[PDB]
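No hydrogens, no waters, no symmetry mates; every other heavy atom, side chains included, goes into these values. So you know, we letter chains A, B, ... as the sequences are listed, proteins then strands, and number each from 1.
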Amino acid sequence: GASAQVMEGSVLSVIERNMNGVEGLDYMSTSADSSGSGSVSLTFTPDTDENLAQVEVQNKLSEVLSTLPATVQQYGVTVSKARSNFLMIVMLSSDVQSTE
Amino acid sequence: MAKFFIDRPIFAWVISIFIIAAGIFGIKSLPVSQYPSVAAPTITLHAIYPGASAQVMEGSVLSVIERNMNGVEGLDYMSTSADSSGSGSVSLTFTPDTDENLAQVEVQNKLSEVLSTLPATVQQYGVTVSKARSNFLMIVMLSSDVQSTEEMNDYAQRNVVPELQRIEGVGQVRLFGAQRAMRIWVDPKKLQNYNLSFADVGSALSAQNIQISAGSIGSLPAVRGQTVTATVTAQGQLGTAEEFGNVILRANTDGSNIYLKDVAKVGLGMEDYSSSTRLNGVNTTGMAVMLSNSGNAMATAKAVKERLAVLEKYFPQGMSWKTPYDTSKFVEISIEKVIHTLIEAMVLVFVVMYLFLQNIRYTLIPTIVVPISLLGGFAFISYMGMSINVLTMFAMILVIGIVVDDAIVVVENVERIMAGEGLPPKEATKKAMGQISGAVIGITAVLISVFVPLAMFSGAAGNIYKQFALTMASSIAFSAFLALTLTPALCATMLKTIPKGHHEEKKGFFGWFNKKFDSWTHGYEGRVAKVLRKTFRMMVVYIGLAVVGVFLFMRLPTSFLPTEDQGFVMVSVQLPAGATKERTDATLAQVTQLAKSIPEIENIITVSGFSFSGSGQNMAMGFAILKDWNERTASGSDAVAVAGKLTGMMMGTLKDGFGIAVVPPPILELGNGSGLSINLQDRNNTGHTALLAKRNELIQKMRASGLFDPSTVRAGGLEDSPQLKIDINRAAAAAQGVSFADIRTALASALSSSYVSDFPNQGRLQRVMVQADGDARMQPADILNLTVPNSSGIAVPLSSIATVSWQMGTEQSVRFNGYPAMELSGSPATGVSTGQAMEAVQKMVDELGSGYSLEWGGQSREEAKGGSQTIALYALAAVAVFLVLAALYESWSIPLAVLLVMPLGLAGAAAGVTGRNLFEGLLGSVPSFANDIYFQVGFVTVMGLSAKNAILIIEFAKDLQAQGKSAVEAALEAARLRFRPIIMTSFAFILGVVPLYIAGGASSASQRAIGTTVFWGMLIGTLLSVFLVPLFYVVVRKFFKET
Amino acid sequence: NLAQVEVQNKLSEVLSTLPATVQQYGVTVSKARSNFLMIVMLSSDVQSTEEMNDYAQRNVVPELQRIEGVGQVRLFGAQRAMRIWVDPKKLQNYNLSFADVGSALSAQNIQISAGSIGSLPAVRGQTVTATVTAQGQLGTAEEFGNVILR
Amino acid sequence: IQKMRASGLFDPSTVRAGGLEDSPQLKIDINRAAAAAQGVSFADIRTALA
Amino acid sequence: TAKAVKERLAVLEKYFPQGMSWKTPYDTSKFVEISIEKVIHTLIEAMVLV
Amino acid sequence: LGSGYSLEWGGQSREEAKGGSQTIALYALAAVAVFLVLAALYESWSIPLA
Ligand SMILES: CC[C@H]1OC(=O)[C@H](C)[C@@H](O[C@H]2C[C@@](C)(OC)[C@@H](O)[C@H](C)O2)[C@H](C)[C@@H](O[C@@H]2O[C@H](C)C[C@H](N(C)C)[C@H]2O)[C@](C)(O)C[C@@H](C)C(=O)[C@H](C)[C@@H](O)[C@]1(C)O
Ligand SMILES: CCCCCCCCCCCCCCCCCCCC(=O)O[C@H](COC(=O)CCCCCCCCCCCCCC)COP(=O)(O)OCCN
C-alpha cells in the first residue's frame, strides 16, 4: 500500500543513508516499485570479503530497523548475497499433467 | 654484506629507492586518527519503556534480556542499568580475541529469540543493538535564537544529517535531541464531561489513520479479453494537525459527533521533551560525527567544514553553524611537531659533523640515511595494519636519536681510519666495516630483543605499548640494514682521500677546537687510567649508585597517562532529589554566567536533562571549551587552573544544587585517579534495604577500621528519593463493580504517555502520542481524585479502592553478572600496595554472610591479575640479550660486563625525575611526573642507547687484547677510540631532546614526561659509562680467567 | 559463525508462520556436541529437588554456561513456577471454564506503570517531581488463591 | 535517448530506456465529511477496498 | 573446560545454602590426563633405556 | 545537457573507465622496473638507458 516515492522516502532512503561508511563499499543503488516493494543493492569493491561485508551490512541494518515502519518490521528485510545471471535453466515437460 | 655493497653502490641505491617507494606508498595509504582502538568490544541495547520506575523496567525487560545473554562466545562480563527516566541499558563487555561485528550479530540473534516475551510498548519502540566503541571526530552545533529547538532538529535531520554522512570518511552522524511527532494533549475534564476515555482516543486515532492497500484492476488471474491493468490508490492517513483535530470520537443518532479538537488539542511537538542543549545561552542542535575506520581525520574535517559552509549558504535567517571542538587538529599538531623535530635533528647532526670532522661531505650521509629508515618504518607500520596517531608520532620522534647514531659511528670510524692510516675511502670503509659489522648486528639483535617484549602486554596498556614497539623496532632494523648496505657505499664514493698530516697545518677556529678536544681526550684518558687502578672502591661506588637508583625508582608514583590540556573541561551539576528542570535550567544559566566571566573560556555548551552520573531532571552537564594554547600561555591558564577557578566560583555562587568541574584526562579506558572500584552483589536476592545496609557496613569497615583514605570512601550511586506509591486494596475493589484492569487503565492514562499511531509528515513517518494534558498531572493530589469506573458507572473516587502514601524509593537500579549490585569507589592514600588493599576488601566482604559477593569493575579487573608478566618478560629479554652478547663476543663473561650498564640509565632517569618533581614542588607547582608508560618508554630507549655504547666499547677493547695487549691497556685504548663518537651522539641526542624538555602547549604532558626521562637518563648514563665500562671489562677479565 | 548467522537469517523469515505457543516459548539455536563432558551434582539433605533445581537455574547454570568452551548446560529438571490444578468437577457447578480462569489470571496479574507526578512538560513553577509506583501483581500462593472469577 | 539515435556511433532499435514505463492509475479520494454525515466509518471503506 | 568448571564450582560453593554440596561423579578429563601422564612416563623410561 | 545531471556507468563500462588511466601507469611501472633491475644487475646507469 505504498507509492514508488513513499517506499524510498520511508524505507529505502533511510537504509541507503545509514549504509555509508562500510569498509569496501563501492556503490549503492535503490529501486522501489509501485507494488509495495524495494531493493537496496550494495556493490562492494575488490579487497573485500563477502562474509564480513554481509555481517557489517546486517549490523548496520539492525541498528536502523527501529526507524522503519511497523509493517516492514513485521515482514522484515531479507539479505541476499547471490548472483543475478543464470547458469542453467531446467525445464520439466509432460503430457499427462498440467504445469501447476 | 659490508664488503659486497661497497663495490656495488648502484645496487644499494636501488634497494634504497625501493624502500623509499614502499614507505611513500604506505604513508599515502595509512589511516589518520588521534588515538587507536585500545578498548575491548562492548555491546549496548538501550531499551525504551516510557512511564515506569527502575524496578519495574529492570525486572520486566533488563533481567529478561540479561538471563538470555549467557553463552555468547567471548563474553567477559555484563552490566544492567535502569533509571526513572524510562530507559534501560544492558552493556555486555566481551573478552579480547573477539570481533565486535560477530559479537553484535550474536547479541542481536540472542535478543531476537526473547523479544516476543517483552511488554508491548517495548516491542513498539524496539530494542537497539550497537557497539560502545566510537571514533569521535567533530561536533557541529546549530544555533538560531530565532527558531525553536525542535524546528532546528527537524531541519538538521532533513537537510544537514543526510549531507554529512555522505562525505568520504564519515562513519556515523548522531543527532542529540528528540524527533518531531504529533502530540495530542487530552483534558480529562472534557473526557469525563462527554463520558469518554483515553482508549476511545486511541481507537479513533488508530482507526481513522490507517494505510489502505487496494491492489490492481485487471489483475493477472483475469478473464479472457483483458487488455489493461492499473494500480489502485487510496489515501487513508493524516498529515496535518487540522486533519487530526477532526477525528470522530463518537457518532450519535441525531449527529453531534465529538471531534478530537473538542476534548483535546493536537499539534506538532517533540517525542521526549527531556534534553535541552544551549551554546552560550542560545538554543543549539547537536550533531556528533564519528570517524570511520580506514579514513582520514584532517581531510574528513576539511570536507565537513566545506559542506557545512555550502549548506549555510542556503540556511534560513537566524541559523548559524559552529565547530567548537575537533579531534583532528591534534594529529595535525603531532605531524608538524614530528617534521620540526626531524628538521632540528638534521640541523644538529650537520652542525656536529661539520664541527668534529671539519668537512661538508660527511653530513650528507646521515641526512640521506635517516629519512630512508623513517620511510621503512612507515612502510612496516602500514603493512601491519596500524595507523598514524599521537603514539606513533611520538615513537617516530623518539627513534630519530637512534637511527642517526649508526650513520654517525660509521662515518666517524671511516674518518678516523682515513686520518690515521691515510688510506683512500675504499680501504678505510672496508676496514671500518670489517671492524664494526658484527657489533652492528649484535646491537640490532639486542635492540630487537629489548623492544619485542613491549608488544606482549595485555589490556589497553599493551595496545599502547604495541605502537611504540612496532615503530621503534622497525625503524631500528631498517637503520641497521641501511648502515650495512648504503652507508658504506656513500662513505666510499662520496668521500675523498685526506693528504698525509693534513690536520696539523690547518689553523683557525678549527685548530683551536682540535687542540681543546685533544686536551679533553687526554684528561679523560688520565681519569680513566686513575679509575682502573682503584677497582674495589670504584666497584663499591657503582653498587651504591645502582642501589640508590633502584631505591629512587621504587619510590615513584605509578600512573598510566598524565592529564593533557585538551582545551575543554567538563562540568557536572546535581540538584536535590525531586527537583524539576526549571531549577536545573536556572542553575545552568548561573553556570554559564560564571563561565563567560573567565577570559580563558571561549564557548560554553550546557546540556539539561542528562549527566554521566545519572539521567534525570536534577542532573545536568556542560562543556566549557577553552581558547587556543597560544592565547593561554600563562600560569593560571591551563585546564586544571580553569577547572579550579570554575569550581571555586560555583561553590560560592550556586545556591541550589552543586556543580563540580573536572578536566577530562587522556583515553578513558586507561583512566587514572578513580582509585579502586567494587561492586557488591546480592546472591540470594534479599532486597534493596539489606544490600544498602551491607554497603554501609562495608563503607564503615573501609573508612574507620581500614586504610582506604576515609576522605575518598563513599557510595557512588544515587540515594533514594520520595515517591508516591499506590497500594490498591483488592478486597475493596471486589466488593464493588470495579475490576483490576480499570486501575491499570486509569494509571496508564493519568500520568504516562502512549504511542498509538504513525503519520507521514512531508515524506517521513513520525509518531503520534497522547500526553494527557500535563496541566492536570502537576500535584500529588490528582491521582486520588481519579474516579475509576465500576460495572455500571464511575462513582468510586479511588480512595476507597487504594490508599496513596509517600515512601523512599530507589531512583536507579544496577545489576552485575545477573545479581543486584551496588558500586563503591575507594582509594589508597599512599605508600600502600593496591594488592593488599584488594585482599583486605575481599576478606572484609567475606566477613559478611554467605550471599553477598564482590567483584571488580573497570581498571581494577586488570589490577586483580598479578604483575608477573612484566617481570617475566623483562627477565626473558635480559636472557636473550645475554645470549646474543655471548654469541657475538664468543664468551660467557663479556656479556656480564656489558649488562652492568643497565642500572646506570635507570638511576639517572629516576634521579632526573625526582629532581624535576622537587623543583616543581619548591616553586609552588605540584609534581607532574610519575612512573607512567612514557617513563618506561624513555627508560627503554636510554637503556638501549647505553647498551649500544657499551657493546661498541667492549668490542673495541676485546679485539685489541688479542693482539698482545693487557686488559687495562686494551680498555684505555677502546675508551680513547670511542670517546669522540659517544660525545657526538650524546650531544646530538641531548640537543634534540631539549625542545621536548620545555615543551608547552598542545600535548605537553607526555612531551615533557618523555623528554625529562630521556634527557637525564642519557646524560647520567653516558657520564657513568665513559668511566665504568672499562672498569667492568677489567673486572670481568680479572675475575673469570678464560679457557 | 557464518553458518549460524545464515541459520538465524533463515529462521527469522519463517518465525512468524509458526503457532503462537512456539513463539511464546521461542526457538533456540545452538552449536554444541551431543555428548556430555561431565555431570554436576547438588546433593543435599535439607531441601527438596525442586528448590535445588531452582537454585541451580538461578545461580549455577548461568555461571557455568558462560565459561569458555561450554556449549550447553542441560538441567535435568525445571525452574519453579505457579501451578494451578483445576478440578473439572467444580467448574460445572459454577458454570465456569478454563477460559475464565485464564482471563482472570491475565487481568488480575498484570504489571502497572503509573508514571511521574510533575513531569517534564509541566507548568511554570513546578518544583517537585515524584515517580508513582503501583504493584498490581501477585507473587504468593494465597494471593493467587484469591483471584476473583465472579 | 533522442540525440543518441541518428548519431552514427549508436545504432537504432537498441537505444532503450531502463525505466518502468509510468502508467495510468486509479485514484480514490475519500471524503471524510460525507462519510460522517452519512454514517459510514473509515474502517468500512478500508475493509471494502482490502 | 573441566578445570574451569571445577574452579567455578569451588568458588560458588561459598554461597551455597546451608546443607547442600556439589560433586562431579562423571568426568572424562581424568582419563585423558592419566593417559598423558602414562605416555610421559613411558617416554621417560624409553629415554633412560636408550 | 548541462550541469547538475552527472553521468555514471554500470556493468563492465565502469571497468572500461578504470582501464583509462591504468595502462599508462602499468607501462611506466614496467619501464622503471626494467631500468632499476638492469642498473642493479649490471651496476651501471647507462646500460638500462640503452
Ligand atoms: C572525543 C570524545 C567526545 O565524546 C562525545 O562527544 C560524545 C559523542 C558525547 O557524549 C555522549 C555520551 C553517550 C555515549 O552517553 C551514553 C551518548 O549517548 C550521549 C548522546 O553523549 C559528547 C559528550 C557530547 O554530549 C552530547 O551532546 C549532545 C549535543 C547532547 C547530548 N545530551 C542531550 C545527552 C550530550 O550527551 C558533546 C556535547 O558533543 C561533547 C562535546 C561538546 C565535547 O566537546 C566533548 C569533549 C566531546 O568532544 C568528547 C567528550 O571529547
Ligand atoms: C648518485 C646516485 C643517485 C641515485 C638516486 C638518487 C636518489 C633517488 C631518489 C628516488 C626516489 C624514488 C621515489 C619513488 C616515488 C614513490 C611513488 C610511490 C608510488 C606508489 O604508490 O607505490 C608504487 C606503485 O604501486 C601501484 O601499483 C599503484 C598504481 C599507481 C602507481 C602510479 C605510479 C606510476 C609510476 C611512478 C614510479 C614509481 C616509483 C618506482 C617504484 C609501488 O611501490 P612498492 O610498494 O611496490 O615498492 C616495492 C616494494 N618492494
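- Residues satisfying the side chain to side chain donor-acceptor pair (under 3.5 Å) criterion with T985(B), sequence neighbours excluded, are absent altogether.
- Residue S449(B) comes nearest to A880(B) through the heavy atom pair CB-CB, 4.1 Å, listed as atom of the first residue, atom of the second, then distance.
- Considering only heavy atoms from C-beta on, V1029(B) comes within 4.5 Å of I954(B) through its side chain.
- Residue pairs satisfying the side chain to side chain donor-acceptor pair (under 3.5 Å) criterion with at least one member in residues 873-882 of chain B, sequence neighbours excluded, are absent.
- For the residue pair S479(B)/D406(B), the side-chain donor-acceptor check at 3.5 Å is satisfied.
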- Quick one: do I381(B) and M386(B) satisfy side chain to side chain contact (heavy atoms under 4.5 Å, CB included)? Show the steps, please. CA-CA 6 Å; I381(B) 72 171; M386(B) 303 174 60; 4.2 Å; yes
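- Looking at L896(B) and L900(B), their side chains never come closer than 4.5 Å, going by heavy atoms from C-beta outward.
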- Message: Show, in sequence, the C-alpha distance, side-chain angles and deciding distance for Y35(B) and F330(B), and conclude whether the ring-ring contact (aromatic ring centres under 6.0 Å, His included) test is met.
- Response: CA-CA 10 Å; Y35(B) 281 128; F330(B) 296 96; 8.1 Å; no
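- With no hydrogens or angles considered, a side-chain donor-acceptor pair links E344(B) and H340(B) at under 3.5 Å.
- Taking the side chain as every heavy atom from C-beta outward, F989(B) and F1015(B) never approach each other to under 4.5 Å.
- Of the possible polar contacts, none joining the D709(B) side chain to the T712(B) backbone as a donor-acceptor pair under 3.5 Å is found.
- A side-chain N or O of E564(B) and one of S1003(B) form a donor-acceptor pair less than 3.5 Å apart.
- In this structure, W629(B) CH2 and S637(B) OG are separated by 14.0 Å, a value rounded to the nearest 0.5 Å.
- Summarising the geometry of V404(B) relative to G401(B), their closest heavy-atom pair is CG2-O, 3.6 Å, with the distance given to 0.1 Å.
- For the pair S925(B) (side chain) and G921(B) (backbone), a donor-acceptor distance under 3.5 Å is absent.
- With rounding to the nearest 0.5 angstrom, the CG atom of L545(B) is 10.0 Å from the CD1 atom of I1020(B).
- The environment of CD1 in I871(B) is sparse: at most 12 heavy-atom neighbours from other residues, nucleotides or ligands sit within 6.0 Å.
- A heavy-atom distance below 4.5 Å is not found between the side chains of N672(B) and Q859(B).
- Between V713(B) and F708(B), the shortest heavy-atom contact is CG2-O, 3.1 Å.
- The closest donor-acceptor contact from the side chain of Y325(B) to the backbone of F568(B) lies at 3.5 Å or more, if one exists at all.
- Two residues are said to be in side-chain contact when any heavy atoms from C-beta on lie closer than 4.5 Å; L626(B) and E602(B) fail this criterion.
- Between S860(B) and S677(B), the side chains place no donor N or O within less than 3.5 Å of an acceptor N or O (distance only, hydrogens not considered).
- Between the side chain of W856(B) and the backbone N or O of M838(B), no donor-acceptor pair lies under 3.5 Å.
- The salt bridge (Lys or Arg N to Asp or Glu O under 4.0 Å) test applied to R980(B) returns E412(B), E415(B), not counting sequence neighbours.
- Under the 3.5 Å distance criterion, the side-chain polar atoms of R632(B) are left unmatched by any main-chain donor or acceptor of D638(B).
- For the side chain to side chain donor-acceptor pair (under 3.5 Å) condition, the pairs that include at least one residue of residues 1011-1020 of chain B, sequence neighbours left out, are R916(B)-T1012(B), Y997(B)-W1016(B).
- A heavy-atom distance below 4.5 Å is not found between the side chains of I601(B) and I625(B).
- Here the straight-line distance linking atom OG of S986(B) with atom CG of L1023(B) works out to 8.5 Å at 0.5 Å rounding.
- Considering only heavy atoms from C-beta on, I443(B) comes within 4.5 Å of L952(B) through its side chain.
- Nearest approach of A461(B) to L670(B), heavy atoms of both residues: N-CD1, 3.8 Å.
- Between the side chain of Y524(B) and the backbone N or O of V1026(B) there is at least one donor-acceptor pair closer than 3.5 Å.
- For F457(B), the CZ atom sits in a packed shell: over 12 heavy atoms of surrounding residues, nucleotides or ligands are nearer than 6.0 Å.
- The backbone N or O of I982(B) sits nowhere less than 3.5 Å from a side-chain atom of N949(B) that would complete a donor-acceptor pair.
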- Task: Show your reasoning for whether side chain to side chain contact (heavy atoms under 4.5 Å, CB included) applies to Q566(B) and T327(B).
- Result: CA-CA 9 Å; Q566(B) 302 290 59; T327(B) 69; over 6 Å; no
Enumerate, atom names and distances included, each donor-acceptor pair closer than 3.5 Å involving a side-chain atom of residues 465-474 of chain B, sequence neighbours excluded.
unit_1  : atom_1 : unit_2  : atom_2 : d
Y465(B) : OH     : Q936(B) : OE1    : 2.8
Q467(B) : NE2    : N463(B) : O      : 3.2
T471(B) : OG1    : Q467(B) : O      : 2.8

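- In this pair, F513(B) and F517(B) present their aromatic rings parallel. The plane angle is below 30°, not in the 30 to 60° band.
- The minimum heavy-atom distance linking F394(B) with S1006(B) is given by the pair CE1-OG, 3.2 Å.
- Expressed to the nearest 0.5 Å, how far OG1 of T633(B) lies from CD of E631(B) amounts to 9.0 Å.
- Using a 4.5 Å heavy-atom threshold, the side chains of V370(B) and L342(B) count as touching.
- To the nearest 0.5 angstrom, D628(B) atom CG is 7.5 Å from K329(B) atom NZ.
- Although no hydrogens or angles enter the test, the distance criterion places no donor-acceptor pair under 3.5 Å between the side chain of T535(B) and the main chain of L532(B).
- Note: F935(B) and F553(B) have parallel aromatic rings, judged against thresholds of 30 and 60 degrees for the angle between ring planes.
- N389(B) contributes atom CG, which lies 8.0 Å from atom OG of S334(B) (distance to the nearest 0.5 angstrom).
- The salt bridge (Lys or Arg N to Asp or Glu O under 4.0 Å) search around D405(B) returns none, not counting sequence neighbours.
- Here the side chain of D932(B) pairs no donor or acceptor atom with the backbone of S559(B) at under 3.5 angstrom.
- Nearest approach of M538(B) to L1028(B), heavy atoms of both residues: CE-CD2, 4.1 Å.
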